[PDB]
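S.K.: Encoded as structure tokens, here's the structure I'll be asking about.
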Amino acid sequence: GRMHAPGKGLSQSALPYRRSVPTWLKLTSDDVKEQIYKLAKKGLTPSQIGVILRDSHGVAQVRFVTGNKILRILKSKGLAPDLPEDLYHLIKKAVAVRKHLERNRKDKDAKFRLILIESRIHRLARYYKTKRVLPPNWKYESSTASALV
Amino acid sequence: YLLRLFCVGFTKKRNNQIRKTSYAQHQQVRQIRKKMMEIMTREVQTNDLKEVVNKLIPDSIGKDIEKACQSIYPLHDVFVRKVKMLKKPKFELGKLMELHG
Amino acid sequence: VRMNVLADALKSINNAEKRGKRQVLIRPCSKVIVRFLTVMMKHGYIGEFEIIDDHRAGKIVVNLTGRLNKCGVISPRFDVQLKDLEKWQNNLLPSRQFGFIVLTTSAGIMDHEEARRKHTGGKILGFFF
Amino acid sequence: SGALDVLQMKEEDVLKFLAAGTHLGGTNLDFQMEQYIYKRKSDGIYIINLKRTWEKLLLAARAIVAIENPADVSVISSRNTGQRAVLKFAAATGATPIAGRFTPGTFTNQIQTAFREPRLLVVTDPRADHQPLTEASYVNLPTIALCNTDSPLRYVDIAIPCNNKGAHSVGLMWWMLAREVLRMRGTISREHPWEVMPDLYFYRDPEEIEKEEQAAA
Amino acid sequence: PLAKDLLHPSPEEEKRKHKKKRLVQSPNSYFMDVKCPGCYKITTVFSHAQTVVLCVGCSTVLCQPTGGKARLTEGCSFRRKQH
RNA sequence: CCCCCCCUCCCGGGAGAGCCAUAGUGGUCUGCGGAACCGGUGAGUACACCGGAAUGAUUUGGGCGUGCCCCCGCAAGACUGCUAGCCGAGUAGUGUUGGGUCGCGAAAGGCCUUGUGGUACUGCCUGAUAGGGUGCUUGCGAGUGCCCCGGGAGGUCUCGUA
RNA sequence: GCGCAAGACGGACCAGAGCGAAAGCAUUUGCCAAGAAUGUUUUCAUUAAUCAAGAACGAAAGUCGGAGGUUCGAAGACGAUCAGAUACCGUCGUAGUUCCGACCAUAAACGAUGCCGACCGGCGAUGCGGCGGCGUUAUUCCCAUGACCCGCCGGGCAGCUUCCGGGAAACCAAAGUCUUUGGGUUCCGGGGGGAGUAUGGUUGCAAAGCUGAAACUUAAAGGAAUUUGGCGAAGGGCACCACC
């Protein structure tokens, strides 16, 4: 079940058992690598990069045509941002919710959802600190809303 | 002449239908209401009182309503339930004589 | 969530035996499950049990012969000694002519009688009779 | 039943099945009759497989002729549709009929006058007639059922897929069962059929008895 | 059923069940290719697009994002590829 | 004269977008061969050219969706819309759900064999002999009855009346 | 019957229907923000479950400050009922009822049933999203679109039935998979009164909320269901010791 919702869901991707390169596709690794390079310097997040590749270029997954995933390629170049994308989106959502609650005073459920997303930010922050990708002096506050947008 | 036209509509149960519920979603009702308001405000703002009343003695506005709204969900019963007047222009006599002939 | 796949597997095969199905399904798989089912088939309570393999999570199909009564799991993971397993088999097993106690020793997953004749012991997995 | 060569279906039995309407089912579908329904046609009607019907008929006839006492098999009918069929079947084979208000004091109460415990029981339908099933549960007594796709199945050893809403279908199925059990017992030889009349077991509504009485001499 | 065999049933049985209840684990969606009637270049697109996609040469848009599979532009020839 | 009428029964003449069909009639599918394989060239769909390669000399029309799609010739079959002789013509006008090859739709004028056999009826009405609204009936429910013109006969069709 | 003015509320449409953590939510329109489920050959890769400290929200009633308070209506005032009513009944009636703030955190806040996860039968329905398949409806041919019908998939409120099984039985598809007793985990109770009482601490302007005894008495207090009761309970039949 979900970790804030009352209900339980079942909706996710499901890769097949067949771990092989598609025979009908004729693509190398260098052209798709510079396609990652171009679509990363255009200013997009890696989930949308995987979406746009499997939408337009007909690739099954990058792991079946290479030996590594997207973020490892981006850190090999160094164009991966210092903040993870899901944490960035959660911080942006929390900033938007707090900005809405600044002008809307009496809104109890929005405040409760603010508490829930702050709990999510805290849990991901402790995880990212204990897996040594962020320094321990990093800490999220309201005054950092314009710092890490 | 400023009027306030009211309208009402009930959905139609098909003869083939076995389900007894036959409701509609909120966006369907919203779009039906938008189409109904646009059609009802189009037929009044273009003509005077006598012409829209002569169009209102038969069911012409309603015939337009079940002509144009059956494409989204079939409905059968629309009458103009009430027309309320709010304000009138300056009082004269030629209009009063020309409505009588 | 699920944190003991062996207890769920044994409860599922117990429920399906009590209803009387012939072929059952277990959604997880592990080393402990497959060695436990081999010692099951070696002592003769089941038949030819299958396993599917994929790159995500294998499933186990187990044939049944109806020669089982109840098959439980000791939770949590207790430890026993050689002067201790008699106390367990007196108050846990239905008799001494049948009913086996499985346990993890240094030589692997194995039952209590050859552990007694080999004079070693360790943590206990479950039980069946 | 299907292991041998002569025991398969004949050519006119398919014609009798299609004439009597022994292929159409009800509206719903049960979860025990799933292996006899092949495919759902239009108008909400499910189709039984006739090979399965003939095969289970052979198995039930073998189970009937397995005993050596002909007066130890009992047939039960409750509704007014199939009444003459079980009576003339018991006249031909040697069975014992109970047609109309099966009394509950037969197999259990051992002091009553109507006390007869059989070896095999043949019910017309489990849903329309469920009282001998409950009393057959209380003694060592298997049951033979002519079940439809909407009839629930309980305490049934051998199930016959049937269309038990028409009297012609039930009568013709009883006719083929009697024909098979007399061929298996050794009275009528297999090389020549005795097919003189299937209308011995056919029931007609009370209009046709007066109509045929006025038509005949 | 008592002795229900879950080793190899009919493929309709795995067809009617869910994508994850299937004993051999495989999804239902697939890859496809489709062209424009007044063009030469043909490109491939997934069955569930989730973004609007246009054919190469910037001539005419091709698919539309839906909740289920992406609906195609009217008058376009296609066939399912498999390997 | 029972009548200003009106209604019913019997018998004919006209339109229709029902079935088996005729003349002008447009497409889809059902098999066979492009001598046989591997790449380059040019912006255009199925095109032209070469370079490899099989018997000094001669060659195979193409596509990139690897397997069926275009262009040919043969063999005839199953289905298909309009017109009433044809051009005019699917033409003005005609539609809101959205486009498409887009429904229904005459003409004026001109030109030729000079223009379909069997087969039912038609409560106004928006969209036909269809779909979708919707009657009269002994007061109650129902079998029959209900297009334009003409001729004869009759003037209270029936099944039970909470 | 026609106008003016104020306040409150959104019937019928409204269902064993939806949403939300719960308390709760129904005139249309415009703006902001959040979310379940569905689909996915997208991404991080163990980020997981429950929770002492601590924290948010929380029907009515209650107290402090205001504009304004229709109707209803504690305490109270006046008459009838009654042996006696300071009760039921009727007419007025203050604080309250509605809005903006400031507070206590109490209900039968009850599904009198903790959360997560696995398993064990069926039937026919409704709500969402997706999917396949006859035939109708938006000027008569195609396409997906809205609706109609037939089946499938996932989550949720469910309904019927079931010697699966459980229970003291009412009943439960969970209250099951339990002497054949062990999946993980938080709170919580040992005959009944005394008593949620006194003291102490705690919060509060205010009512009270949380924490929470002792002495003494007591052999019963309680839960399920059966048999005729006994009903100013319902529904039938009879009698001149009942009536017409």
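As shown in the structure tokens, the chain order sets the letters A, B, ...; within each chain, residues go from 1, and ligands are also counted from 1 in the order they appear.
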Pull the closest atom pair for each residue of chain G that gets at most 10 Å from chain D, along with the distance in Å to one decimal, counting only C-alpha atoms (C1' of nucleotides), ordering rows by chain and then ascending residue number, as a Markdown table.

M.R.:
| residue | atom | partner | partner_atom | distance |
| --- | --- | --- | --- | --- |
| G:121 | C1' | D:31 | CA | 9.6 |
| G:122 | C1' | D:31 | CA | 6.9 |
| G:123 | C1' | D:30 | CA | 8.1 |
| G:124 | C1' | D:28 | CA | 9.1 |
| G:134 | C1' | D:42 | CA | 9.0 |
| G:150 | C1' | D:44 | CA | 8.9 |

S.K.: Would you save the residues from that selection as a PDB file, in the first residue's frame, using N, CA, C and O atoms (P, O5', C5', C4', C3', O3' and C1' of nucleotides)?

M.R.:
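Writing done, so here's result.pdb:
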ATOM      1  P     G G 121     -10.096 -21.811  -3.312  1.00  0.00           P
ATOM      2  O5'   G G 121     -11.055 -20.598  -2.934  1.00  0.00           O
ATOM      3  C5'   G G 121     -11.781 -19.900  -3.929  1.00  0.00           C
ATOM      4  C4'   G G 121     -13.101 -20.568  -4.204  1.00  0.00           C
ATOM      5  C3'   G G 121     -14.111 -19.754  -4.988  1.00  0.00           C
ATOM      6  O3'   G G 121     -13.856 -19.743  -6.381  1.00  0.00           O
ATOM      7  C1'   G G 121     -15.176 -20.715  -3.126  1.00  0.00           C
ATOM      8  P     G G 122     -14.105 -18.402  -7.229  1.00  0.00           P
ATOM      9  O5'   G G 122     -15.674 -18.414  -7.497  1.00  0.00           O
ATOM     10  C5'   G G 122     -16.286 -19.545  -8.093  1.00  0.00           C
ATOM     11  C4'   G G 122     -17.769 -19.586  -7.834  1.00  0.00           C
ATOM     12  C3'   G G 122     -18.580 -18.418  -8.355  1.00  0.00           C
ATOM     13  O3'   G G 122     -18.810 -18.490  -9.751  1.00  0.00           O
ATOM     14  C1'   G G 122     -19.301 -18.979  -6.173  1.00  0.00           C
ATOM     15  P     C G 123     -18.853 -17.148 -10.628  1.00  0.00           P
ATOM     16  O5'   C G 123     -20.353 -16.640 -10.468  1.00  0.00           O
ATOM     17  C5'   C G 123     -21.445 -17.520 -10.683  1.00  0.00           C
ATOM     18  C4'   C G 123     -22.709 -16.980 -10.068  1.00  0.00           C
ATOM     19  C3'   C G 123     -23.057 -15.555 -10.452  1.00  0.00           C
ATOM     20  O3'   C G 123     -23.665 -15.464 -11.726  1.00  0.00           O
ATOM     21  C1'   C G 123     -23.294 -15.818  -8.115  1.00  0.00           C
ATOM     22  P     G G 124     -22.932 -14.664 -12.908  1.00  0.00           P
ATOM     23  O5'   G G 124     -23.765 -13.313 -13.012  1.00  0.00           O
ATOM     24  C5'   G G 124     -25.180 -13.351 -13.087  1.00  0.00           C
ATOM     25  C4'   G G 124     -25.810 -12.304 -12.205  1.00  0.00           C
ATOM     26  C3'   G G 124     -25.358 -10.876 -12.439  1.00  0.00           C
ATOM     27  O3'   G G 124     -25.964 -10.278 -13.568  1.00  0.00           O
ATOM     28  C1'   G G 124     -25.394 -11.316 -10.123  1.00  0.00           C
ATOM     29  P     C G 134     -17.382  -7.746 -34.230  1.00  0.00           P
ATOM     30  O5'   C G 134     -18.896  -7.955 -33.786  1.00  0.00           O
ATOM     31  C5'   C G 134     -19.928  -7.141 -34.315  1.00  0.00           C
ATOM     32  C4'   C G 134     -21.254  -7.853 -34.291  1.00  0.00           C
ATOM     33  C3'   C G 134     -22.432  -7.066 -34.837  1.00  0.00           C
ATOM     34  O3'   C G 134     -22.496  -7.053 -36.251  1.00  0.00           O
ATOM     35  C1'   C G 134     -23.045  -8.059 -32.787  1.00  0.00           C
ATOM     36  P     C G 150     -25.965  -6.395 -21.243  1.00  0.00           P
ATOM     37  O5'   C G 150     -24.944  -7.392 -21.948  1.00  0.00           O
ATOM     38  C5'   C G 150     -25.408  -8.429 -22.799  1.00  0.00           C
ATOM     39  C4'   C G 150     -24.267  -9.099 -23.520  1.00  0.00           C
ATOM     40  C3'   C G 150     -23.106  -9.539 -22.646  1.00  0.00           C
ATOM     41  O3'   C G 150     -23.356 -10.762 -21.980  1.00  0.00           O
ATOM     42  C1'   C G 150     -22.283  -8.436 -24.576  1.00  0.00           C
TER      43        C G 150
END

S.K.: Which polymer residues have any atom within 7 Å of an atom of stretch 30-38 of chain B, counting only C-alpha atoms (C1' of nucleotides), with same-chain residues fewer than 4 positions away left out, as an MDAnalysis selection string?

M.R.: chainID B and resid 26 42 65 69

S.K.: Pick out the chain E residues within 9 Å of chain G. Count only C-alpha atoms (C1' of nucleotides). Give them as a list in words.

M.R.: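 Filtering chain E at 9 Å from chain G with only C-alpha atoms (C1' of nucleotides) gives residues 16, 17, 18, 19, 27, 29, 30, 31, 48, 49, 50, 67, 68, 69, 71, 72, 74 and 75 of chain E.
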
S.K.: Next, the residues of the selection above should be written as a JSON list (two decimals), in the first residue's frame with N, CA and C atoms.

M.R.:
[["chain", "number", "residue", "atom", "x", "y", "z"],
["E", 16, "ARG", "N", -6.71, -13.75, -20.63],
["E", 16, "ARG", "CA", -7.77, -13.09, -19.86],
["E", 16, "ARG", "C", -7.26, -12.57, -18.53],
["E", 17, "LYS", "N", -6.19, -13.16, -17.99],
["E", 17, "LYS", "CA", -5.69, -12.77, -16.68],
["E", 17, "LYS", "C", -4.92, -11.46, -16.77],
["E", 18, "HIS", "N", -4.48, -10.98, -15.61],
["E", 18, "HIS", "CA", -3.72, -9.74, -15.53],
["E", 18, "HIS", "C", -2.30, -9.95, -16.05],
["E", 19, "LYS", "N", -1.62, -8.84, -16.32],
["E", 19, "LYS", "CA", -0.25, -8.89, -16.82],
["E", 19, "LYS", "C", 0.73, -9.40, -15.76],
["E", 27, "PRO", "N", 4.58, -8.22, -20.50],
["E", 27, "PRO", "CA", 3.54, -7.19, -20.64],
["E", 27, "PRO", "C", 2.68, -7.42, -21.87],
["E", 29, "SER", "N", 1.61, -4.44, -23.93],
["E", 29, "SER", "CA", 1.85, -3.40, -24.92],
["E", 29, "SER", "C", 3.00, -3.80, -25.85],
["E", 30, "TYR", "N", 3.15, -3.05, -26.93],
["E", 30, "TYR", "CA", 4.07, -3.43, -28.00],
["E", 30, "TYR", "C", 4.54, -2.18, -28.73],
["E", 31, "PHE", "N", 5.50, -2.38, -29.63],
["E", 31, "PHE", "CA", 6.02, -1.34, -30.50],
["E", 31, "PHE", "C", 5.38, -1.41, -31.88],
["E", 48, "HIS", "N", 1.65, 3.23, -26.19],
["E", 48, "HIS", "CA", 1.15, 4.26, -25.28],
["E", 48, "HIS", "C", 2.15, 5.41, -25.33],
["E", 49, "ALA", "N", 1.79, 6.47, -26.05],
["E", 49, "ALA", "CA", 2.76, 7.51, -26.38],
["E", 49, "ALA", "C", 3.06, 8.41, -25.19],
["E", 50, "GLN", "N", 2.00, 8.94, -24.55],
["E", 50, "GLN", "CA", 1.98, 9.83, -23.38],
["E", 50, "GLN", "C", 2.55, 11.23, -23.66],
["E", 67, "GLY", "N", -5.56, 8.22, -22.36],
["E", 67, "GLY", "CA", -5.38, 7.43, -21.15],
["E", 67, "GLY", "C", -4.88, 6.03, -21.44],
["E", 68, "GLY", "N", -5.38, 5.43, -22.52],
["E", 68, "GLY", "CA", -4.91, 4.12, -22.95],
["E", 68, "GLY", "C", -3.90, 4.22, -24.06],
["E", 69, "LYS", "N", -4.08, 3.42, -25.11],
["E", 69, "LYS", "CA", -3.19, 3.48, -26.26],
["E", 69, "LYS", "C", -3.42, 4.76, -27.05],
["E", 71, "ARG", "N", -4.20, 7.11, -30.00],
["E", 71, "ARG", "CA", -4.96, 7.03, -31.24],
["E", 71, "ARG", "C", -4.18, 7.69, -32.37],
["E", 72, "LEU", "N", -4.26, 7.10, -33.55],
["E", 72, "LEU", "CA", -3.49, 7.53, -34.71],
["E", 72, "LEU", "C", -4.26, 8.55, -35.54],
["E", 74, "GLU", "N", -6.02, 9.92, -38.82],
["E", 74, "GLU", "CA", -6.87, 9.25, -39.80],
["E", 74, "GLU", "C", -6.17, 9.13, -41.14],
["E", 75, "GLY", "N", -6.26, 7.94, -41.74],
["E", 75, "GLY", "CA", -5.62, 7.68, -43.02],
["E", 75, "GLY", "C", -4.14, 7.39, -42.91]]

S.K.: For residue D:174, please output as a ChimeraX atom specification all residues within 12 Å (counting only C-alpha atoms (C1' of nucleotides); exclusion window: fewer than 3 positions along the same chain).

M.R.: /D:57,60-61,75,82-90,92-93,122-124,145-146,160,162,164,167-171,177-181,198-203

S.K.: Compute the set of chain F residues within 12 Å of chain B, using only C-alpha atoms (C1' of nucleotides), and express it as a ChimeraX atom specification.

M.R.: /F:96-97,126,132-133

S.K.: Grab the residues selected above and save them as a PDB file, in the first residue's frame with C-alpha atoms (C1' of nucleotides).

M.R.:
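File produced: again-v4.pdb:
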ATOM      1  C1'   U F  96     -23.889  21.037 -37.323  1.00  0.00           C
ATOM      2  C1'   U F  97     -19.776  16.818 -34.191  1.00  0.00           C
ATOM      3  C1'   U F 126     -39.359  16.653 -38.464  1.00  0.00           C
ATOM      4  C1'   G F 132     -36.800   7.937 -33.213  1.00  0.00           C
ATOM      5  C1'   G F 133     -42.096  10.648 -31.201  1.00  0.00           C
TER       6        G F 133
END

S.K.: Using DSSP on the backbone coordinates, identify the residues of chain A assigned to alpha helix (DSSP H); present them as a count of residues only.

M.R.: 69

S.K.: Could you tell me how far atom CA of residue D:12 sits from atom CA of residue D:196, in Å to one decimal place?

M.R.: 13.1 Å

S.K.: Counting only C-alpha atoms (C1' of nucleotides), what are the residues of chain F within 12 Å of chain A, and for each of them which pair of atoms is the nearest and at what distance in Å, to one decimal? Sort the table by chain and rising number, as JSON lines.

M.R.:
{"residue": "F:64", "atom": "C1'", "partner": "A:24", "partner_atom": "CA", "distance": 11.2}
{"residue": "F:65", "atom": "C1'", "partner": "A:24", "partner_atom": "CA", "distance": 9.7}
{"residue": "F:66", "atom": "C1'", "partner": "A:24", "partner_atom": "CA", "distance": 8.1}
{"residue": "F:67", "atom": "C1'", "partner": "A:24", "partner_atom": "CA", "distance": 11.0}

S.K.: If you count only C-alpha atoms (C1' of nucleotides), which residues fall within 12 Å of residue F:144, apart from same-chain ones fewer than 2 positions away, as a PyMOL selection string?

M.R.: chain F and resi 137+142+146+157-158

S.K.: Pull the strand (DSSP E or B) assignments for chain B out of DSSP run on the backbone, and list those residues as a list in words.

M.R.: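 These are the residues in question: residues 2, 3, 4, 5, 6, 7, 8, 9, 10, 11, 75, 76, 77, 78, 79, 80, 81, 82, 83, 84, 85, 86 and 87 of chain B.
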
S.K.: Using only C-alpha atoms (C1' of nucleotides), determine which residues lie at most 12 Å from residue F:23, disregarding the query and same-chain residues fewer than 2 positions distant; provide the list as a PyMOL selection string.

M.R.: chain F and resi 25+83-86+113+115-116

S.K.: Please produce a file of the residues just selected, as a PDB file, in the first residue's frame, where the atoms kept are C-alpha atoms (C1' of nucleotides).

M.R.:
ATOM      1  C1'   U F  25     -22.232   0.960 -63.985  1.00  0.00           C
ATOM      2  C1'   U F  83     -28.868   6.766 -62.708  1.00  0.00           C
ATOM      3  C1'   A F  84     -34.227   4.821 -65.918  1.00  0.00           C
ATOM      4  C1'   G F  85     -31.417   6.467 -72.436  1.00  0.00           C
ATOM      5  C1'   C F  86     -26.877   9.572 -71.969  1.00  0.00           C
ATOM      6  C1'   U F 113     -31.080   1.447 -79.737  1.00  0.00           C
ATOM      7  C1'   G F 115     -36.499   4.478 -72.809  1.00  0.00           C
ATOM      8  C1'   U F 116     -37.623  -2.395 -66.878  1.00  0.00           C
TER       9        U F 116
END

S.K.: Show me, as a Markdown table, the residues of chain E having an atom within 7 Å of chain A, each with the closest atom pair and its distance in Å, using only C-alpha atoms.

M.R.:
| residue | atom | partner | partner_atom | distance |
| --- | --- | --- | --- | --- |
| E:25 | CA | A:16 | CA | 6.3 |
| E:26 | CA | A:16 | CA | 4.6 |
| E:27 | CA | A:14 | CA | 6.0 |
| E:44 | CA | A:58 | CA | 5.6 |
| E:45 | CA | A:55 | CA | 5.4 |
| E:46 | CA | A:55 | CA | 5.5 |
| E:49 | CA | A:55 | CA | 5.8 |
| E:83 | CA | A:23 | CA | 6.7 |

S.K.: Identify every residue of chain G that has at least one atom within 10 Å of any atom of chain A, counting only C-alpha atoms (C1' of nucleotides), and report the result as a list in words.

M.R.: residues 20, 21, 32, 33, 34, 35, 36, 37, 38, 39, 40, 41, 42, 43, 44, 47, 48, 49, 55, 56, 57, 116, 117, 154, 155 and 156 of chain G

S.K.: Do you know which residues are at most 10 Å from stretch 60-64 of chain C counting only C-alpha atoms (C1' of nucleotides), after dropping those on the same chain fewer than 3 positions away, and could you put them as JSON, numbers by chain?

M.R.: {"C": [9, 13, 16, 17, 20, 21, 22, 23, 24, 25, 26, 27, 28, 29, 30, 33, 34, 37, 41, 45, 46, 47, 48, 49, 50, 51, 52, 53, 67, 68], "E": [3, 5, 6, 7]}

S.K.: Counting only C-alpha atoms (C1' of nucleotides), which residues of chain F sit at most 12 Å from some atom of chain E, and what is each one's closest atom pair with its distance in Å to one decimal, listed by chain and rising residue number, as a Markdown table?

M.R.:
| residue | atom | partner | partner_atom | distance |
| --- | --- | --- | --- | --- |
| F:43 | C1' | E:40 | CA | 10.0 |
| F:44 | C1' | E:40 | CA | 8.4 |
| F:45 | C1' | E:40 | CA | 5.2 |
| F:46 | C1' | E:40 | CA | 9.5 |
| F:63 | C1' | E:40 | CA | 9.4 |
| F:64 | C1' | E:42 | CA | 8.8 |
| F:65 | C1' | E:33 | CA | 6.5 |
| F:66 | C1' | E:81 | CA | 10.3 |
| F:67 | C1' | E:81 | CA | 9.6 |
| F:68 | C1' | E:79 | CA | 9.9 |
| F:69 | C1' | E:77 | CA | 10.8 |
| F:98 | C1' | E:74 | CA | 11.8 |
| F:99 | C1' | E:74 | CA | 9.7 |
| F:100 | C1' | E:74 | CA | 9.2 |
| F:101 | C1' | E:75 | CA | 11.9 |

S.K.: Quick one: contact table of chain C to chain A, 12 Å max, nearest atom pair and distance in Å to one decimal per residue, counting only C-alpha atoms, chain and number order, as a tab-separated table?

M.R.:
residue	atom	partner	partner_atom	distance
C:1	CA	A:1	CA	8.5
C:2	CA	A:1	CA	11.5
C:52	CA	A:17	CA	11.6
C:53	CA	A:17	CA	9.6
C:54	CA	A:17	CA	6.4
C:55	CA	A:17	CA	6.8
C:56	CA	A:17	CA	8.5
C:57	CA	A:17	CA	10.8
C:58	CA	A:17	CA	11.5

S.K.: Could you name the residues that touch residue A:72 at 12 Å or less, counting only C-alpha atoms (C1' of nucleotides), but leaving out those on the same chain fewer than 3 positions away, as a VMD selection string?

M.R.: (chain A and resid 33 36 46 62 to 63 66 to 69 75 to 80) or (chain G and resid 44)
